[PDB]
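An overview of the molecular structure
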2 protein chains.
Amino acid sequence: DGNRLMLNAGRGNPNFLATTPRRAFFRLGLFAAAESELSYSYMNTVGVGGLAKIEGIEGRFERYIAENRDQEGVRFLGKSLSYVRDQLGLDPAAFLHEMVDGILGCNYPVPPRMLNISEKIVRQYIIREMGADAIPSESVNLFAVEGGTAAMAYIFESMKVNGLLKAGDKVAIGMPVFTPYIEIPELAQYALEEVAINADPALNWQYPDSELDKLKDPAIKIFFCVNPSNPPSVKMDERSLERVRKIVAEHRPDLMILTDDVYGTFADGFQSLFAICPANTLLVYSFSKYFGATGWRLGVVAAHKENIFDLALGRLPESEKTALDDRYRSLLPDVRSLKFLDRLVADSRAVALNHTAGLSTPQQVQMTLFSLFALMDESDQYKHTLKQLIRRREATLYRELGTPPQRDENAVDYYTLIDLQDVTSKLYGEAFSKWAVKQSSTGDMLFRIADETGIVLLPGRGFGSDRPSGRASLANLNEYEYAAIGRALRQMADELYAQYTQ
Amino acid sequence: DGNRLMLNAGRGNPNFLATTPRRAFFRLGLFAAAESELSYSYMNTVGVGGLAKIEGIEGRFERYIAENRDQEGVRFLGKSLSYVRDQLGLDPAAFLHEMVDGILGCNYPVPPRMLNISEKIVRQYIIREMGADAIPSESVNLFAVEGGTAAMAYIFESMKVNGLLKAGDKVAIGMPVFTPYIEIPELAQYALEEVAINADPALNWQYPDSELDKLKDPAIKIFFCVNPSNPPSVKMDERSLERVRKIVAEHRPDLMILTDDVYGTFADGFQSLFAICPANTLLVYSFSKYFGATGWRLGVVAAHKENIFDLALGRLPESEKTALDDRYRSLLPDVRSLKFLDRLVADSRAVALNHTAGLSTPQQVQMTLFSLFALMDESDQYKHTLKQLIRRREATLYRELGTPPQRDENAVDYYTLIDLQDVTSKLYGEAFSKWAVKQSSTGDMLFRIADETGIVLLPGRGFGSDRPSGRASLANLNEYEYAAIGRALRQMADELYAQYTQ
Ligand SMILES: *Cc1c(COP(=O)(O)O)cnc(C)c1O
Ligand SMILES: *Cc1c(COP(=O)(O)O)cnc(C)c1O
Ligand SMILES: [Cl-]
Ligand SMILES: [Cl-]
């Protein structure tokens with residue numbers, strides 16, 4: 001399943017996971033279960049509870065924390081309350097009841113877009129990790145969704161439905177990008193045309209100015225990028241972000257930006273395009289990778305309250321405004337005041353079902369607890385732990401290839417590129433590396449590792465020339481498995497060197 | 001004492017008792033004791049507490065419930081709060097403080113008639129078990145008293161004092177009734193005249209229309225009945241209740257009804273005369289039999305807020321109104337607005353002591369807890385348990401007499417009639433049963449059982465012919481004792497059959 005996921009979906013699945021916010025969730029659940037039972041009125045039954053009451057919830061919660069000081073999840077829950085009440089200044093009783101009611105999953109999400117306090121908490125996390133601090137928190141709204149996967153499906157459908165993207169429109173795509181994102185515009189369902197914004201291996205996988213300038217073409221309605229990138233696993237540098245900023249400000253104030261920033265926390269000092277061009281950007285952030293929460297399906301779509309999506313909607317042709325008046329008629333009297341972010345919500349479940357739309361309340365609670373976990377960790381201990389783990393696995397991989405590729409300030413390294421030439425160069429000089437590349441390819445490299453270790457790697461391209469290389473995730477295997485990849489690739493190189501000399 | 005009670009008082013005393021509401025009471029007491037100690041200010045003393053404080057009582061109570069989840073009485077107390085707050089919509093803090101203050105018995109009952117929340121709770125129980133659901137709860141008021149025993153004493157005295165019953169007035173009494181109720185009107189203290197409303201054995205102890213029509217006599221001021229009956233142990237059927245209803249509506253809107261419905265819960269789908277004619281009826285309900293609480297002395301008098309007792313009081317001759325103005329002068333400025341139900345309270349302790357009158361607060365608390373116990377038991381598990389117990393004891397009794405009398409929909413069976421003829425008929429045919437009755441009587445039947453088993457039974461009459469029969473309570477003995485009664489009565493029948501044949 002780990003090997004099959006990389007081939008099919010270009011992921012990625014970590015073998016680590018955040019335990020403390022998970023324990024806090026299950027412990028909160030036991031508290032909420034007791035809260036439900038406090039509202040059950042009848043004798044001689046079993047298995048039926050009532051709704052949790054907001055009245056006196058703080059005092060009951062405080063007792064629960066005091067009696068269970070020995071439980072890690074409970075201590076976390078205790079500090080979470082302080083963080084929300086004391087640092088965020090939010091209503092403590094309202095926070096607790098939203099969490100209790102939320103984890104019970106006994107009420108339809110209200111509002112459907114996101115639960116009130118969860119939105120306020122999660123956006124603090126999002127703003128911080130995206131480097132978007134210069135934007136007032138109150139100007140950022142979130143739509144809680146079933147991972148980045150759901151976000152992308154919802155966004156393209158709403159773009160189509162609301163006439164923001166039309167058949168024949170050009171979508172610029174920062175490349176190399178993983179397979180799934182190439183196909184969605186290529187669907188006849190959308191019939192969009194791709195323009196490649198190509199990263200340069202000579203610039204260490206940054207986008208050249210010349211490539212970024214392609215965005216000046218007014219036929220290009222949207223810039224779509226994974227940042228930090230996947231496969232290449234680098235973050236857009238200061239120059240690149242500035243270039244986009246100037247292009248938007250100077251030439252294309254109408255350019256929509258769709259940015260997928262799931263790997264952000266794995267970079268040093270990450271800054272999102274959302275931070276740089278908030279009015280022009282829809283941010284997709286997934287909790288999957290950082291918290292080891294792929295199965296939880298936790299994501300948000302973020303939008304600035306003043307954005308070009310709502311501006312474009314006000315500039316639509318009359319026939320389209322009339323069609324949308326009909327579409328959203330049941331939702332509100334004035335459809336023209338219905339914002340794009342809330343249209344995403346309505347479009348996600350056929351409009352008529354808007355009031356039972358949204359991410360499940362226990363999922364939002366869990367998302368909120370992951371968010372708190374990271375926010376309360378001021379010295380970034382969890383982040384550093386994961387980074388040290390990733391570096392250890394890297395050292396182990398390149399042990400006999402030695403050693404790892406040199407990493408700059410823009411490095412992410414969730415993924416690593418094992419380049420045959422660079423490896424054979426490090427081992428046996430420049431002359432040998434030129435020859436070794438002409439002998440074997442990516443196929444012979446990936447098939448050998450697979451046969452020796454049972455691990456299949458991603459080809460390392462490209463698009464390029466088929467420079468013989470493979471990509472491994474530093475997130476999904478254990479040390480001896482990275483050591484076995486290195487050993488198999490070292491024997492392959494050693495046998496090439498014995499076929500070099502003689 | 002069990003045998004002596006049936007002979008003297010026509011009871012009845014169960015050998016079962018409701019344990020859960022009793023455990024809840026004692027557990028509540030320990031909580032209240034701690035509440036009292038929280039208000040004690042001084043050092044180096046022992047055995048002195050203060051008054052329980054309403055402030056923060058919910059939170060303290062909730063902690064008490066959480067720490068003692070393993071205690072049956074405490075779990076019941078926890079669910080009681082939910083029932084009162086959530087299902088009845090009453091003030092939870094006020095409920096708790098009434099219960100805490102109540103069980104401490106540290107304040108005179110206020111108001112004297114009944115404690116406020118206890119009245120609201122207990123009437124829900126009363127209305128449900130009496131089948132009086134069609135009457136709005138707010139239109140039913142209760143006077144908490146020391147069992148049905150105190151109720152009857154109080155009611156007759158107030159009837160006399162307030163001129164509603166006068167010497168020479170006729171009291172109709174549904175018969176057979178147990179001894180105590182025959183004597184109270186016969187007292188020179190009241191000098192009332194009895195009219196027998198006779199139940200018909202041919203109608204399975206229902207009152208014939210012809211007997212019920214006796215109520216048309218305007219000299220009959222009150223209909224007094226035990227329903228379900230005692231001794232006969234049947235409930236008034238649909239026809240009988242309708243007959244009384246029409247008689248009251250058509251001929252006697254002035255007829256007072258006094259109904260004693262202690263056995264109600266032992267019938268299937270019981271409906272009280274209070275439900276049928278609320279404006280005309282004073283309901284006496286005792287908790288003694290159903291909860292096995294004879295020693296607790298727990299009863300209520302129930303009255304509709306719009307009733308013929310207050311109507312009659314407004315129609316009294318001027319000399320009587322003047323006398324009552326003097327009597328109740330200290331109570332309120334306008335004595336003519338003092339309702340009959342509150343007159344019962346004032347008459348119970350000599351008027352001048354009205355403000356220290358009423359049932360003890362711990363008794364009312366216990367009554368409230370019995371009421372909750374039954375209200376919260378939606379599937380009527382306790383009721384069914386008692387009924388199955390009663391049926392088992394019946395099967396055991398008639399095992400060798402076999403088998404029990406056929407029971408119709410109006411059957412109660414707390415008591416059972418052991419008819420010699422019917423028993424000997426079931427065993428040895430109709431011819432033998434006619435002869436066996438002419439040989440032995442009720443005396444020879446009751447004296448034989450007494451000598452063989454040590455149990456004395458009630459004669460089974462009548463008034464009738466002395467058809468040789470005995471009444472046993474199915475509530476007061478254990479299985480082997482019922483088996484010994486059956487065996488003694490079977491040998492008596494077998495020796496009669498050996499004196500038949502030869
Ligand atoms: C793993 C990954 C995601 C996260 O997907 P979810 O559906 O949120 O689990 C998003 N984008 C890219 C490019 C990824 O590699
Ligand atoms: C047992 C019984 C009662 C109950 O008497 P308390 O004084 O309430 O215990 C009332 N009426 C009748 C006919 C009974 O047999
Ligand atoms: Cl835990
Ligand atoms: Cl107990």
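Structure determination for the deposited model, as stated in its record, used X-ray crystallography, and the stated resolution is 2.35 Å.

Chain A is annotated in the PDB entry as L-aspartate-beta-decarboxylase from Pseudomonas dacunhae ATCC 21192. The title line of the PDB record says "The Crystal Structure of the Pseudomonas dacunhae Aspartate-Beta-Decarboxylase Reveals a Novel Oligomeric Assembly for a Pyridoxal-5-Phosphate Dependent Enzyme". The UniProt entry for chain A carries the following comment under Cofactor (unreviewed entry): "pyridoxal 5'-phosphate". Its UniProt record, at the heading Sequence similarities (unreviewed entry), says of chain A: "Belongs to the class-I pyridoxal-phosphate-dependent aminotransferase family."

**Observations regarding the relation of the copies chain B and chain A**
Two copies of a chain can be linked by a rotation about an axis combined with a shift along that same axis. By a simple turn and slide, chain B fits onto chain A: the slide is 0.0 Å along the axis, the RMSD is 0.0 Å, and the turn is 120°. The operation mapping one copy onto its partner corresponds to a three-fold rotation axis. Closest to the rotation axis within chain B is the C-alpha of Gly59 of chain B, separated from it by 3.9 Å. Of all interface residues in chain B, a mere 13% are interface residues in chain A too; the two copies therefore contact each other through different surfaces.

**Section: the site of ligand 1**
Residues and elements named next belong to chain A. Taken together, 15 residues sit near ligand 1, with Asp260, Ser286, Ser288, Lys289 and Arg297 positioned nearest. Take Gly148: an N or O atom from its main chain is 2.6 Å from an oxygen atom of ligand 1. Its free accessible area being 390 Å², ligand 1 has 99% of it covered by the protein chains. Among the elements that take part in the shell around ligand 1, helix α7 (residues 147-161) stands out by supplying three residues, more than any other. Among the residues making up the shell around ligand 1, the classes are represented as five nonpolar, six polar and four charged.

**Points about the layout of surface pockets**
Here the largest pocket defines a volume of roughly 860 Å³. Residue lining of the largest pocket: 32 residues in total, with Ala34, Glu37 and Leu38 of chain A together with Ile65 and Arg69 of chain B positioned closest to the centre. When residues of the lining of the largest pocket are assigned to their parent elements, the largest contribution, seven residues, is made by helix α2 (residues 20-37) of chain A. Of the residues contributing to the lining of the largest pocket, the split by class is 13 nonpolar, eight polar and eleven charged.

**Some thoughts on the nonpolar core**
Residue and element names in this part refer to chain B. Core analysis: the largest hydrophobic core is formed by 92 residues, its most contacted members being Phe287, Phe291 and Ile418. Considering every element that reaches this core, the biggest residue donor is helix α15 (residues 361-376), with nine residues. Excluding residues that lie within four positions of it along the chain, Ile418 makes contacts with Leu397, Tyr398, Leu401, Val423, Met445, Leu457, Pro468, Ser469, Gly470, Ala472 and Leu489.

**Structural notes on the pattern of salt bridges**
Residue and element names in this part refer to chain B. Counted by the stated rule, this structure contains 59 salt bridges over all chains. In this structure, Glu72 engages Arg23 in a salt bridge whose closest nitrogen and oxygen atoms are separated by 3.9 Å. With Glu72 in helix α4 (residues 72-87) and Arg23 in helix α2 (residues 20-37), this pair connects stretches of sequence that are 49 residues apart. Since its relative accessible area comes to 33%, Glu72 is described here as partly exposed. Residue classification places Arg23 among the partly exposed residues on the basis of a relative accessible area of 45%.

**Some details on unusual backbone geometry**
Cis geometry is found at the peptide bond from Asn230 of chain A to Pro231 of chain A, where omega equals 10°. In this structure, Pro231 of chain A sits in the loop between β4 (220-226) and α10 (238-250). The omega torsion across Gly462 of chain A and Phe463 of chain A is -15°, close enough to zero to call that bond cis. By the element assignment, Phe463 of chain A lies in the loop between β9 (458-459) and β10 (469-473). Positive phi, close to 75°, is recorded for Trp205 of chain B, a residue that is not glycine.

**So, the site of ligand 2**
Residue and element names in this part refer to chain B. Around ligand 2 there are 15 residues in total, and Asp260, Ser286, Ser288, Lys289 and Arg297 lie nearest to it. Contact distances for ligand 2 include 3.4 Å between a nitrogen atom and a side-chain N or O atom of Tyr181. Look at ligand 2: alone it shows 390 Å² of surface, and the protein chains cover 99% of it. It is helix α7 (residues 147-161) that contributes the most residues to the shell around ligand 2, three residues altogether. Considering only residue class, the shell around ligand 2 consists of five nonpolar, six polar and four charged.

**Some thoughts on empty space enclosed by the protein**
All told, the structure shown has seven cavities of 30 Å³ or more when counted by the stated rule. Lining the largest cavity are 13 residues, with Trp205, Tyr207, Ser229, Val234 and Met236 of chain B positioned closest to its centre.

**Looking at the side chain of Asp419 of chain A**
Residue and element names in this part refer to chain A. Topologically, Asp419 is positioned in strand β8 (residues 415-419). Among the polar contacts listed, one links the side chain of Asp419 to the backbone nitrogen of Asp422, at a separation of 3.0 Å. Filtering out sequence-adjacent residues up to four positions away, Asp419 remains in contact with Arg467, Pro468 and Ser469.

**Focus: the pairing of β4 of chain A**
All names here are of chain A. Here β4 lies mainly inside the structure; six of its seven residues are buried. As defined by bridge partners, strand β2 (residues 170-175) adjoins β4 across four bridges and the pair is classed as parallel. Looking across to β4, one finds that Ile173 is bridged to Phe224. Sheet analysis places β4 next to strand β5 (residues 256-260), joined by five bridges and oriented parallel. Across the sheet, residue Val226 finds its bridge partner in β5, namely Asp260. Taken together, β4, α10 and β5 constitute a β-α-β crossover, and its handedness is right-handed.

**Regarding the pairing of strand β1 (residues 140-145) of chain A**
As a general feature of sheets, a regular strand has side chains that alternate between the two faces. All names here are of chain A. With six of its six residues buried, β1 lies for the most part within the structure. Alternating positions in β1 separate into two faces, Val140, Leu142 and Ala144 on one and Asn141, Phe143 and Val145 on the other, with burial throughout. Bridge count between β1 and strand β7 (residues 299-304): six bridges; the pairing is antiparallel. Its bridge partner lying in β7, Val140 is registered against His304.

Scoring rules and cut-offs
Residues numbered from 1 in each chain as written, not as in the entry; some residues may be left out. Chains lettered and ligands numbered in written order. Part of a larger assembly, values for the part shown. Heavy atoms only, no water. UniProt positions renumbered as here; feature names shortened; annotations may be inferred. Least-squares fit on C-alpha atoms. Contact = heavy atoms within 4.5 Å. Near = heavy atom within 4 Å. Polar contact = N/O pair within 3.5 Å; in protein donor to acceptor, adjacent residues only side chain to side chain. Areas by Shrake-Rupley, 256 points an atom, 1.4 Å probe, with all protein chains shown as cover. Helix = DSSP H or I, 4+ residues; strand = E, 2+ residues; numbered from the N terminus. Nonpolar A, V, L, I, M, F, W, Y, C, P; charged D, E, K, R; others polar. 1 Å grid on protein atoms, 1.4 Å probe; cavity = no way out; pocket = protein on both sides within 12 Å on 5 of 7 lines; lining within 4 Å. Points joined across faces, edges and corners; volume = space filled by probe spheres on them. Core = buried A, V, L, I, M, F, W, Y, C linked by side-chain atoms within 4.5 Å. Buried < 20%, exposed > 50% of the residue type's maximum accessible area, 1.4 Å probe, protein only. Salt bridge = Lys/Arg side-chain N within 4 Å of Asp/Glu carboxyl O. Pairing = 2+ DSSP bridges. Right-handed = clockwise from strand over helix to strand, strands pointing away.

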